[PDB]
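Chemist: This is query-v9.cif, which holds mmCIF, C-alpha atoms and all ligand atoms:
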data_my_file
#
loop_
_atom_site.group_PDB
_atom_site.id
_atom_site.type_symbol
_atom_site.label_atom_id
_atom_site.label_comp_id
_atom_site.auth_asym_id
_atom_site.auth_seq_id
_atom_site.Cartn_x
_atom_site.Cartn_y
_atom_site.Cartn_z
ATOM 1 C CA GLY C 1 -20.483 -24.099 5.705
ATOM 2 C CA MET C 2 -18.340 -21.161 6.766
ATOM 3 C CA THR C 3 -19.881 -17.833 5.760
ATOM 4 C CA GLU C 4 -17.591 -15.385 3.992
ATOM 5 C CA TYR C 5 -18.116 -11.644 4.492
ATOM 6 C CA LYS C 6 -16.772 -9.252 1.837
ATOM 7 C CA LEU C 7 -15.800 -6.010 3.573
ATOM 8 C CA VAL C 8 -14.496 -2.900 1.807
ATOM 9 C CA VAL C 9 -12.406 -0.220 3.524
ATOM 10 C CA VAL C 10 -12.725 3.239 1.966
ATOM 11 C CA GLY C 11 -11.691 6.803 2.739
ATOM 12 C CA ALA C 12 -9.069 9.404 1.825
ATOM 13 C CA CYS C 13 -5.469 8.486 1.227
ATOM 14 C CA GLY C 14 -3.553 8.616 4.500
ATOM 15 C CA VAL C 15 -6.377 7.919 6.936
ATOM 16 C CA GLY C 16 -5.063 4.459 7.847
ATOM 17 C CA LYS C 17 -7.078 2.008 5.734
ATOM 18 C CA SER C 18 -4.081 -0.230 5.213
ATOM 19 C CA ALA C 19 -2.875 0.081 8.804
ATOM 20 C CA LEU C 20 -6.317 -0.919 10.043
ATOM 21 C CA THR C 21 -6.561 -3.840 7.646
ATOM 22 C CA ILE C 22 -3.074 -5.099 8.518
ATOM 23 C CA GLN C 23 -3.817 -4.845 12.234
ATOM 24 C CA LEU C 24 -6.774 -7.154 11.646
ATOM 25 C CA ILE C 25 -4.745 -9.489 9.383
ATOM 26 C CA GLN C 26 -1.269 -9.530 10.992
ATOM 27 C CA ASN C 27 -2.102 -8.361 14.548
ATOM 28 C CA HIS C 28 0.753 -5.867 13.992
ATOM 29 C CA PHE C 29 0.889 -2.107 13.406
ATOM 30 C CA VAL C 30 2.478 -1.285 10.058
ATOM 31 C CA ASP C 31 3.329 2.418 9.922
ATOM 32 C CA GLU C 32 4.417 2.174 6.276
ATOM 33 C CA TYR C 33 2.487 0.435 3.507
ATOM 34 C CA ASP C 34 2.707 1.526 -0.156
ATOM 35 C CA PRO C 35 -0.161 4.012 -0.515
ATOM 36 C CA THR C 36 -0.913 2.707 -4.040
ATOM 37 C CA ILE C 37 -1.480 -0.975 -3.118
ATOM 38 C CA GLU C 38 -5.141 -1.932 -3.383
ATOM 39 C CA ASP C 39 -5.634 -5.590 -2.506
ATOM 40 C CA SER C 40 -7.808 -8.024 -0.600
ATOM 41 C CA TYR C 41 -6.848 -10.114 2.392
ATOM 42 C CA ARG C 42 -8.685 -12.995 4.075
ATOM 43 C CA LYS C 43 -8.738 -14.108 7.694
ATOM 44 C CA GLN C 44 -10.830 -16.563 9.690
ATOM 45 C CA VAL C 45 -12.213 -15.001 12.858
ATOM 46 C CA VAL C 46 -14.640 -15.966 15.576
ATOM 47 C CA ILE C 47 -17.482 -13.451 15.886
ATOM 48 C CA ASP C 48 -20.147 -14.255 18.468
ATOM 49 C CA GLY C 49 -18.893 -17.852 18.590
ATOM 50 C CA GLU C 50 -19.318 -18.411 14.837
ATOM 51 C CA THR C 51 -16.160 -18.875 12.787
ATOM 52 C CA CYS C 52 -16.408 -16.841 9.612
ATOM 53 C CA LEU C 53 -14.117 -15.889 6.763
ATOM 54 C CA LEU C 54 -13.507 -12.175 6.302
ATOM 55 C CA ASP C 55 -12.407 -10.955 2.868
ATOM 56 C CA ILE C 56 -11.189 -7.379 3.300
ATOM 57 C CA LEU C 57 -10.660 -5.117 0.301
ATOM 58 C CA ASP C 58 -8.275 -2.318 1.286
ATOM 59 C CA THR C 59 -8.918 0.324 -1.354
ATOM 60 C CA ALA C 60 -6.256 2.630 -2.767
ATOM 61 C CA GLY C 61 -5.342 4.678 -5.782
ATOM 62 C CA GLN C 62 -7.080 6.982 -8.167
ATOM 63 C CA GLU C 63 -10.772 7.816 -8.127
ATOM 64 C CA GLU C 64 -12.337 6.281 -11.267
ATOM 65 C CA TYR C 65 -15.990 5.776 -12.231
ATOM 66 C CA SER C 66 -15.623 3.119 -14.897
ATOM 67 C CA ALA C 67 -18.080 0.222 -14.997
ATOM 68 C CA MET C 68 -15.187 -2.086 -14.053
ATOM 69 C CA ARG C 69 -14.394 -0.237 -10.820
ATOM 70 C CA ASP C 70 -18.084 0.032 -9.939
ATOM 71 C CA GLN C 71 -18.410 -3.729 -10.334
ATOM 72 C CA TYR C 72 -15.371 -4.335 -8.103
ATOM 73 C CA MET C 73 -16.760 -2.173 -5.282
ATOM 74 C CA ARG C 74 -20.207 -3.705 -5.830
ATOM 75 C CA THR C 75 -18.830 -7.044 -4.616
ATOM 76 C CA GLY C 76 -18.636 -5.489 -1.130
ATOM 77 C CA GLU C 77 -21.361 -6.487 1.291
ATOM 78 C CA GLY C 78 -20.353 -3.922 3.913
ATOM 79 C CA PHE C 79 -18.180 -0.822 3.989
ATOM 80 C CA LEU C 80 -15.945 0.900 6.511
ATOM 81 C CA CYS C 81 -15.871 4.641 5.835
ATOM 82 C CA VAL C 82 -12.665 5.821 7.442
ATOM 83 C CA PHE C 83 -11.485 9.337 8.302
ATOM 84 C CA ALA C 84 -8.604 10.473 10.535
ATOM 85 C CA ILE C 85 -9.521 12.466 13.637
ATOM 86 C CA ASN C 86 -6.674 14.940 12.974
ATOM 87 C CA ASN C 87 -7.634 15.602 9.346
ATOM 88 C CA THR C 88 -10.740 17.667 8.740
ATOM 89 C CA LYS C 89 -10.601 17.190 4.969
ATOM 90 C CA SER C 90 -10.799 13.413 5.328
ATOM 91 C CA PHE C 91 -13.973 13.842 7.430
ATOM 92 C CA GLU C 92 -15.511 16.258 4.921
ATOM 93 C CA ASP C 93 -14.844 13.629 2.202
ATOM 94 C CA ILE C 94 -16.983 10.983 3.954
ATOM 95 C CA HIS C 95 -20.273 12.020 2.370
ATOM 96 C CA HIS C 96 -18.816 11.468 -1.108
ATOM 97 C CA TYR C 97 -17.757 7.926 -0.269
ATOM 98 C CA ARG C 98 -21.154 7.175 1.236
ATOM 99 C CA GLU C 99 -22.930 8.573 -1.833
ATOM 100 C CA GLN C 100 -20.892 6.384 -4.162
ATOM 101 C CA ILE C 101 -21.543 3.276 -2.060
ATOM 102 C CA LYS C 102 -25.298 3.924 -2.129
ATOM 103 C CA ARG C 103 -25.111 4.402 -5.903
ATOM 104 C CA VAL C 104 -23.112 1.284 -6.691
ATOM 105 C CA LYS C 105 -25.152 -0.906 -4.319
ATOM 106 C CA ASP C 106 -28.375 0.777 -5.539
ATOM 107 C CA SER C 107 -29.600 0.767 -1.962
ATOM 108 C CA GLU C 108 -30.246 3.310 0.749
ATOM 109 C CA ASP C 109 -29.554 0.518 3.286
ATOM 110 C CA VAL C 110 -25.973 -0.693 2.795
ATOM 111 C CA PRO C 111 -24.207 -2.137 5.869
ATOM 112 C CA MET C 112 -21.720 0.543 6.891
ATOM 113 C CA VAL C 113 -19.699 1.807 9.840
ATOM 114 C CA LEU C 114 -18.165 5.265 10.275
ATOM 115 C CA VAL C 115 -14.578 4.932 11.539
ATOM 116 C CA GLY C 116 -12.558 7.717 13.160
ATOM 117 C CA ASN C 117 -8.978 6.521 13.074
ATOM 118 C CA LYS C 118 -5.755 7.776 14.694
ATOM 119 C CA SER C 119 -7.476 8.068 18.108
ATOM 120 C CA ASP C 120 -4.062 7.633 19.734
ATOM 121 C CA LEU C 121 -2.896 11.070 18.465
ATOM 122 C CA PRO C 122 -3.317 14.321 20.388
ATOM 123 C CA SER C 123 -3.805 16.582 17.350
ATOM 124 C CA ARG C 124 -7.598 16.164 17.070
ATOM 125 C CA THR C 125 -9.410 18.500 14.689
ATOM 126 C CA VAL C 126 -12.706 16.568 14.298
ATOM 127 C CA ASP C 127 -14.821 16.531 17.453
ATOM 128 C CA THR C 128 -16.194 13.173 18.581
ATOM 129 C CA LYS C 129 -19.635 14.803 18.808
ATOM 130 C CA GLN C 130 -19.564 15.870 15.167
ATOM 131 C CA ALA C 131 -18.573 12.363 14.068
ATOM 132 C CA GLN C 132 -21.198 10.723 16.287
ATOM 133 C CA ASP C 133 -23.784 13.104 14.870
ATOM 134 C CA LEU C 134 -22.827 12.234 11.262
ATOM 135 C CA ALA C 135 -23.211 8.530 12.019
ATOM 136 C CA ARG C 136 -26.577 9.370 13.556
ATOM 137 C CA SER C 137 -27.561 11.283 10.399
ATOM 138 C CA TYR C 138 -26.780 8.139 8.405
ATOM 139 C CA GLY C 139 -28.276 5.712 10.944
ATOM 140 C CA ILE C 140 -25.027 3.775 11.287
ATOM 141 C CA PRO C 141 -22.525 3.017 14.041
ATOM 142 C CA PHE C 142 -19.477 5.167 14.779
ATOM 143 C CA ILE C 143 -16.317 3.504 16.062
ATOM 144 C CA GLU C 144 -13.161 5.267 17.266
ATOM 145 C CA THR C 145 -10.079 3.306 16.232
ATOM 146 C CA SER C 146 -6.294 3.393 16.385
ATOM 147 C CA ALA C 147 -4.405 1.058 14.081
ATOM 148 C CA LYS C 148 -1.341 1.885 16.173
ATOM 149 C CA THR C 149 -2.718 0.588 19.491
ATOM 150 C CA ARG C 150 -5.476 -1.736 18.158
ATOM 151 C CA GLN C 151 -8.168 0.394 19.796
ATOM 152 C CA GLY C 152 -11.496 -0.302 18.133
ATOM 153 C CA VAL C 153 -10.173 -2.531 15.343
ATOM 154 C CA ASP C 154 -12.247 -5.636 16.047
ATOM 155 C CA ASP C 155 -15.160 -3.391 17.016
ATOM 156 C CA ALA C 156 -15.156 -1.780 13.571
ATOM 157 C CA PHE C 157 -14.857 -4.929 11.487
ATOM 158 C CA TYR C 158 -17.035 -7.128 13.705
ATOM 159 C CA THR C 159 -19.802 -4.517 13.911
ATOM 160 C CA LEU C 160 -19.854 -4.437 10.126
ATOM 161 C CA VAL C 161 -20.254 -8.238 10.022
ATOM 162 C CA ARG C 162 -23.123 -7.932 12.488
ATOM 163 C CA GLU C 163 -24.689 -5.254 10.261
ATOM 164 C CA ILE C 164 -24.411 -7.563 7.236
ATOM 165 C CA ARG C 165 -26.078 -10.419 9.109
ATOM 166 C CA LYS C 166 -28.981 -8.178 10.151
ATOM 167 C CA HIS C 167 -29.328 -6.879 6.571
ATOM 168 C CA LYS C 168 -29.304 -10.433 5.177
ATOM 169 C CA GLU C 169 -32.089 -11.336 7.642
ATOM 170 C CA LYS C 170 -34.321 -8.484 6.385
HETATM 171 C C1 LIG C 201 -13.460 12.445 -1.985
HETATM 172 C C2 LIG C 201 -13.082 12.541 -3.447
HETATM 173 O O1 LIG C 201 -11.761 11.962 -3.654
HETATM 174 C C3 LIG C 201 -11.677 10.623 -3.840
HETATM 175 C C4 LIG C 201 -10.385 10.103 -3.961
HETATM 176 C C5 LIG C 201 -10.333 8.738 -4.138
HETATM 177 N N1 LIG C 201 -11.416 7.951 -4.189
HETATM 178 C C6 LIG C 201 -12.611 8.581 -4.080
HETATM 179 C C7 LIG C 201 -13.726 7.621 -4.097
HETATM 180 N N2 LIG C 201 -14.981 7.970 -4.105
HETATM 181 O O2 LIG C 201 -15.671 6.715 -4.084
HETATM 182 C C8 LIG C 201 -14.703 5.797 -4.062
HETATM 183 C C9 LIG C 201 -15.055 4.332 -4.006
HETATM 184 C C10 LIG C 201 -13.756 3.512 -3.950
HETATM 185 C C11 LIG C 201 -15.896 4.094 -2.724
HETATM 186 C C12 LIG C 201 -16.709 2.805 -2.758
HETATM 187 C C13 LIG C 201 -17.742 2.879 -3.866
HETATM 188 C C14 LIG C 201 -17.052 3.266 -5.136
HETATM 189 S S1 LIG C 201 -17.720 2.912 -6.702
HETATM 190 C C15 LIG C 201 -16.359 3.617 -7.499
HETATM 191 N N3 LIG C 201 -16.269 3.658 -8.842
HETATM 192 C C16 LIG C 201 -15.450 4.104 -6.564
HETATM 193 C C17 LIG C 201 -14.251 4.755 -6.994
HETATM 194 N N4 LIG C 201 -13.322 5.291 -7.385
HETATM 195 C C18 LIG C 201 -15.858 3.914 -5.219
HETATM 196 N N5 LIG C 201 -13.510 6.269 -4.065
HETATM 197 N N6 LIG C 201 -12.784 9.894 -3.888
HETATM 198 C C19 LIG C 201 -12.983 13.983 -3.949
HETATM 199 C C20 LIG C 201 -14.338 14.675 -4.121
HETATM 200 C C21 LIG C 201 -14.670 14.513 -5.569
HETATM 201 C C22 LIG C 201 -13.367 14.840 -6.186
HETATM 202 N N7 LIG C 201 -12.363 14.129 -5.330
HETATM 203 C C23 LIG C 201 -11.003 14.749 -5.375
HETATM 204 N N1 LIG C 202 -0.605 7.483 14.986
HETATM 205 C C1 LIG C 202 -1.260 6.796 14.009
HETATM 206 N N2 LIG C 202 -0.786 6.780 12.762
HETATM 207 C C2 LIG C 202 -1.523 5.999 11.939
HETATM 208 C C3 LIG C 202 -2.655 5.262 12.245
HETATM 209 N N3 LIG C 202 -3.112 4.587 11.124
HETATM 210 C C4 LIG C 202 -2.266 4.922 10.176
HETATM 211 N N4 LIG C 202 -1.287 5.776 10.603
HETATM 212 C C5 LIG C 202 -0.325 6.473 9.773
HETATM 213 O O1 LIG C 202 -1.031 7.187 8.786
HETATM 214 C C6 LIG C 202 -0.305 7.164 7.542
HETATM 215 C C7 LIG C 202 -1.135 6.543 6.447
HETATM 216 O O2 LIG C 202 -1.502 5.194 6.808
HETATM 217 P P1 LIG C 202 -1.984 4.171 5.700
HETATM 218 O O3 LIG C 202 -2.318 2.917 6.396
HETATM 219 O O4 LIG C 202 -1.019 4.147 4.603
HETATM 220 O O5 LIG C 202 -3.285 4.892 5.113
HETATM 221 P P2 LIG C 202 -4.175 4.583 3.799
HETATM 222 O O6 LIG C 202 -3.636 5.479 2.710
HETATM 223 O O7 LIG C 202 -5.566 4.972 4.235
HETATM 224 O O8 LIG C 202 -4.022 3.109 3.527
HETATM 225 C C8 LIG C 202 0.995 6.409 7.811
HETATM 226 O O9 LIG C 202 2.023 7.347 8.095
HETATM 227 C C9 LIG C 202 0.632 5.559 9.022
HETATM 228 O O10 LIG C 202 1.748 5.307 9.865
HETATM 229 C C10 LIG C 202 -3.159 5.310 13.571
HETATM 230 O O11 LIG C 202 -4.181 4.778 14.003
HETATM 231 N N5 LIG C 202 -2.385 6.109 14.392
HETATM 232 MG MG MG C 203 -3.306 2.040 1.897
#
Mind turning this structure into structure tokens?

Modeler:
Amino acid sequence: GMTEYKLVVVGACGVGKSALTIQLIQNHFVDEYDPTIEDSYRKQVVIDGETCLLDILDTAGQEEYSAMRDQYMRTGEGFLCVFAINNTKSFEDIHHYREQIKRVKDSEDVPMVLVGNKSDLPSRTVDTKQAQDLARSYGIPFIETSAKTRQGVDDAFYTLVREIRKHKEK
């Protein structure tokens, strides 16, 4: 049967979670997508010659630590932690997202990729080295993306699938 991979995209409002997701789903850059819409989207993709079903939860809205919201995030098998390379605050938020993922998955070993989005823009405020070094601190991959140009989009999502496979084989 076709394996389904439940992927969750997290990070500060405005970093490009929806734009990244829609680039994967529609193969189109959407510069405008209601910041409050949290929803999931499926797509069949070929990754290393194996057709699989991705189920992407594009998170949005207010931070809430109810049991209900924990259970919804807990359905995720892997997480993209997204910041924007021109927004230092979004990068400084990453550790909070990672901490909450570890808590809700009750694991120090959750499949995860650090994503630096908006790589097409010139206004960088977060050095690549600092981002690479944070991913190293966590022991996870770092991928530079642009939802505008499609740079890194498959790399980010497909690496996460590969991380989930390797975790499932542990
Ligand atoms: C960086 C923060 O801001 C926001 C703003 C919006 N969301 C968050 C946020 N943190 O984790 C999460 C997720 C969705 C991530 C996956 C796992 C779980 S499990 C659960 N219950 C979740 C929730 N709500 C989450 N989201 N944080 C700063 C710092 C604290 C005050 N605050 C202003
Ligand atoms: N130049 C550029 N703008 C982007 C990129 N991704 C998203 N945006 C813009 O960033 C803003 C927020 O994007 P959105 O997808 O709504 O972010 P979300 O709140 O994380 O879902 C919008 O103005 C988008 O046009 C990107 O890679 N490059
Ligand atoms: Mg959004």

Chemist: The PyMOL selection byres (((chain C and resi 72) around 12) and not hetatm) on the file shown: which residues, as a PyMOL selection string?

Modeler: chain C and resi 6-8+38-40+57-59+64-71+73-77+101+104-105

Chemist: Report as a VMD selection string all protein, DNA and RNA residues lying within 10 Å of residue 22 (chain C), evaluated on all atoms listed in the file, omitting residues in the same chain fewer than 3 positions from it.

Modeler: chain C and resid 16 to 19 25 to 31 33 41 56 58 147

Chemist: Can you work out which one of C:88, C:137, C:146, C:100 has the shortest atom-to-atom distance to residue 115 (chain C), counting only C-alpha atoms?

Modeler: C:146

Chemist: Can you sort out the box for ligand LIG 201 (chain C), edges along x, y and z, all listed atoms in, 3 Å on every side, with centre and edge lengths in Å to one decimal, as AutoDock Vina command-line options?

Modeler:
--center_x -14.0 --center_y 8.8 --center_z -5.4 --size_x 13.4 --size_y 18.0 --size_z 12.9

Chemist: Between C:165, C:47, C:143, C:37, single out the one closest to residue 62 (chain C), counting all atoms listed in the file.

Modeler: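 Among C:165, C:47, C:143, C:37, it is C:37 that comes nearest to residue 62 (chain C).
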
Chemist: Go through C:134, C:4, C:32, C:13 and flag the residue nearest residue 54 (chain C), using all atoms listed in the file for the distances.

Modeler: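 Closest residue, counting all atoms listed in the file: C:4.
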
Chemist: Go through C:169, C:120, C:92, C:106 one by one, measure the shortest atom-to-atom distance of each to ligand LIG 202 (chain C) using only C-alpha atoms and all ligand atoms, and give the residue with the smallest value.

Modeler: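 Selected residue with least distance to ligand LIG 202 (chain C): C:120.
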
Chemist: Please compute the CA of residue 83 (chain C)-atom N3 of ligand LIG 201 (chain C) distance, one decimal, in Å.

Modeler: 18.7 Å

Chemist: So that I can check the surroundings of residue 85 (chain C), please list as number ranges by chain every protein, DNA and RNA residue that reaches within 9 Å of it, counting only C-alpha atoms and ignoring chain neighbours fewer than 3 positions away.

Modeler: C: 15, 88, 90-91, 116-119, 121, 123-128, 144

Chemist: Could you write out that same residue set with C-alpha atoms as a short mmCIF file (atom, residue, chain, number, x, y, z; two decimals), keeping the file's coordinate frame?

Modeler:
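New file part35.cif:
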data_model
loop_
_atom_site.label_atom_id
_atom_site.label_comp_id
_atom_site.auth_asym_id
_atom_site.auth_seq_id
_atom_site.Cartn_x
_atom_site.Cartn_y
_atom_site.Cartn_z
CA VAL C 15 -6.38 7.92 6.94
CA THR C 88 -10.74 17.67 8.74
CA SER C 90 -10.80 13.41 5.33
CA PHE C 91 -13.97 13.84 7.43
CA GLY C 116 -12.56 7.72 13.16
CA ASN C 117 -8.98 6.52 13.07
CA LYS C 118 -5.76 7.78 14.69
CA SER C 119 -7.48 8.07 18.11
CA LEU C 121 -2.90 11.07 18.46
CA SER C 123 -3.80 16.58 17.35
CA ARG C 124 -7.60 16.16 17.07
CA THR C 125 -9.41 18.50 14.69
CA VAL C 126 -12.71 16.57 14.30
CA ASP C 127 -14.82 16.53 17.45
CA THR C 128 -16.19 13.17 18.58
CA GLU C 144 -13.16 5.27 17.27
#

Chemist: Looking at all atoms listed in the file, which of C:107, C:148, C:61, C:139 is the one that sits closest to ligand LIG 202 (chain C)?

Modeler: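 For ligand LIG 202 (chain C), the nearest of the given residues is C:148.
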
Chemist: Have a look at CA of residue 11 (chain C) and atom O6 of ligand LIG 202 (chain C) and let me know their distance in Å, one decimal.

Modeler: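 About the pair CA of residue 11 (chain C) and atom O6 of ligand LIG 202 (chain C): they are 8.2 Å apart.
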
Chemist: Given the choices C:131, C:60, C:51, C:24, which gets closest to ligand MG 203 (chain C) if the distance is worked out from all atoms listed in the file?

Modeler: C:60

Chemist: Just so the selection is clear, what residues does the PyMOL selection byres (((chain C and resi 141) around 12) and not hetatm) cover here, as number ranges by chain?

Modeler: C: 79-81, 111-116, 131-140, 142-144, 155-160, 162-163

Chemist: Regenerate region 82-103 of chain C at the level of N, CA, C and O atoms and dump it as a CSV table (one decimal), in the frame of the given file.

Modeler:
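The resulting file, part_37.csv, is shown below:
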chain,number,residue,atom,x,y,z
C,82,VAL,N,-13.7,5.5,6.5
C,82,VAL,CA,-12.7,5.8,7.4
C,82,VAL,C,-12.2,7.3,7.2
C,82,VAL,O,-12.0,7.7,6.1
C,83,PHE,N,-12.2,8.0,8.3
C,83,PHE,CA,-11.5,9.3,8.3
C,83,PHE,C,-10.4,9.3,9.4
C,83,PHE,O,-10.5,8.4,10.3
C,84,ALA,N,-9.6,10.3,9.4
C,84,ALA,CA,-8.6,10.5,10.5
C,84,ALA,C,-9.0,11.6,11.4
C,84,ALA,O,-9.4,12.7,10.9
C,85,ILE,N,-9.0,11.5,12.7
C,85,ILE,CA,-9.5,12.5,13.6
C,85,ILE,C,-8.7,13.8,13.6
C,85,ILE,O,-9.2,14.8,14.2
C,86,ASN,N,-7.5,13.8,13.1
C,86,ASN,CA,-6.7,14.9,13.0
C,86,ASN,C,-6.6,15.5,11.6
C,86,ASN,O,-5.7,16.3,11.2
C,87,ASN,N,-7.6,15.1,10.7
C,87,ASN,CA,-7.6,15.6,9.3
C,87,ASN,C,-9.1,15.9,8.9
C,87,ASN,O,-9.9,15.1,8.6
C,88,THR,N,-9.4,17.2,9.0
C,88,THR,CA,-10.7,17.7,8.7
C,88,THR,C,-11.2,17.3,7.3
C,88,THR,O,-12.3,17.0,7.1
C,89,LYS,N,-10.3,17.5,6.4
C,89,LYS,CA,-10.6,17.2,5.0
C,89,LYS,C,-11.1,15.7,4.8
C,89,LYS,O,-12.0,15.5,4.1
C,90,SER,N,-10.4,14.8,5.5
C,90,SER,CA,-10.8,13.4,5.3
C,90,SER,C,-12.2,13.2,5.9
C,90,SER,O,-12.9,12.3,5.3
C,91,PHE,N,-12.6,13.9,6.9
C,91,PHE,CA,-14.0,13.8,7.4
C,91,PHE,C,-15.0,14.5,6.5
C,91,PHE,O,-16.1,13.9,6.2
C,92,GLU,N,-14.6,15.6,5.9
C,92,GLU,CA,-15.5,16.3,4.9
C,92,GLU,C,-15.7,15.5,3.6
C,92,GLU,O,-16.6,15.7,2.9
C,93,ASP,N,-14.7,14.5,3.4
C,93,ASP,CA,-14.8,13.6,2.2
C,93,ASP,C,-15.8,12.5,2.4
C,93,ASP,O,-16.3,11.9,1.4
C,94,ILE,N,-16.2,12.2,3.7
C,94,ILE,CA,-17.0,11.0,4.0
C,94,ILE,C,-18.3,11.0,3.1
C,94,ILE,O,-18.7,9.9,2.6
C,95,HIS,N,-19.0,12.1,3.0
C,95,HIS,CA,-20.3,12.0,2.4
C,95,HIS,C,-20.1,11.6,0.9
C,95,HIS,O,-21.0,10.9,0.4
C,96,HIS,N,-19.0,11.9,0.3
C,96,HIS,CA,-18.8,11.5,-1.1
C,96,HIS,C,-18.7,10.0,-1.2
C,96,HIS,O,-19.3,9.3,-2.0
C,97,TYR,N,-17.9,9.4,-0.3
C,97,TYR,CA,-17.8,7.9,-0.3
C,97,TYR,C,-19.1,7.3,0.0
C,97,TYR,O,-19.5,6.3,-0.7
C,98,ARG,N,-19.9,7.8,1.0
C,98,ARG,CA,-21.2,7.2,1.2
C,98,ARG,C,-22.1,7.3,0.0
C,98,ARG,O,-22.8,6.3,-0.3
C,99,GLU,N,-22.1,8.4,-0.7
C,99,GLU,CA,-22.9,8.6,-1.8
C,99,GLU,C,-22.6,7.6,-2.9
C,99,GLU,O,-23.4,7.0,-3.6
C,100,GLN,N,-21.3,7.3,-3.1
C,100,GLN,CA,-20.9,6.4,-4.2
C,100,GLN,C,-21.2,5.0,-3.8
C,100,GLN,O,-21.6,4.2,-4.7
C,101,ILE,N,-21.1,4.6,-2.5
C,101,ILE,CA,-21.5,3.3,-2.1
C,101,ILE,C,-23.0,3.1,-2.3
C,101,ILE,O,-23.5,2.0,-2.8
C,102,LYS,N,-23.9,4.0,-1.9
C,102,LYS,CA,-25.3,3.9,-2.1
C,102,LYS,C,-25.6,3.7,-3.6
C,102,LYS,O,-26.5,2.9,-4.0
C,103,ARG,N,-24.9,4.5,-4.5
C,103,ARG,CA,-25.1,4.4,-5.9
C,103,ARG,C,-24.8,3.0,-6.4
C,103,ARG,O,-25.5,2.4,-7.2
